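Peer 1: as a preliminary step, the opening chains of the complex are given here in situ:
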Amino acid sequence: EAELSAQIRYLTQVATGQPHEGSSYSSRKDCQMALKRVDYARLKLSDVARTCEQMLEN
């Protein structure tokens, strides 16, 4: 009874009835763009290494 009454009191102190307009979307978006930059560079490095292997292969 003590714990649940205390937590209903604490929830009464920090309730607002409003849907919390904060977010973390933009940072996730920028992190996704950074990772796709890295992936693009990886594919291009694979292609350059493959042409180097074709040149050295003969």
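Peer 2: Thanks, I have it. Numbers count the residues shown, from 1 in each chain, chains lettered A, B, ... in the order given.

Peer 1: run a quick neighbour tally on residue A:47.
Peer 2: The number of residues packed near residue A:47 is 9, by other Cβ atoms under 10 Å. From N, CA and C alone the C-beta is placed, and that goes for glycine too.

Peer 1: what are the ranges of the helices in chain A?
Peer 2: Counting by DSSP state H, chain A has helices at residues A:2-13, A:25-56.

Peer 1: tell me which of the ones you listed lies nearest to residue A:19.
Peer 2: With Cβ to Cβ as the criterion, residue A:19 lies closest to helix A:25-56 of these, at 15.2 Å.

Peer 1: include chain B as well:
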Amino acid sequence: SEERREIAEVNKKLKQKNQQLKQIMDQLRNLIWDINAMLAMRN
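Peer 2: Chain B goes in next, on the same frame as the chains above:
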């Protein structure tokens, strides 16, 4: 006269080598340009 054919052999050899080097160089140029463009737009 055979040394002329030797010259033609090595000429064809490094013709192919130079064209492959040009492809490697073009891909490096394009990767550098893409990196600089994509990193320039992030700000």
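
Peer 1: please re-evaluate the neighbour count of residue A:47 in the presence of chain B.
Peer 2: Neighbour count of residue A:47, defined by other Cβ atoms under 10 Å in any protein chain shown: 14.

Peer 1: touching, it and residue B:27? I think so.
Peer 2: Yes: look at residue A:47 against residue B:27 with Cβ atoms under 8 Å: they come within range, at 6.1 Å.

Peer 1: residues contacting the closest residue to chain B within chain A?
Peer 2: In chain A, the residue that lies nearest chain B is residue A:55 (4.0 Å; Cβ to the nearest Cβ). By Cβ atoms under 8 Å, 6 or more residues apart in numbering or on different chains, the residues touching residue A:55 are B:17, B:20, B:21, B:24.
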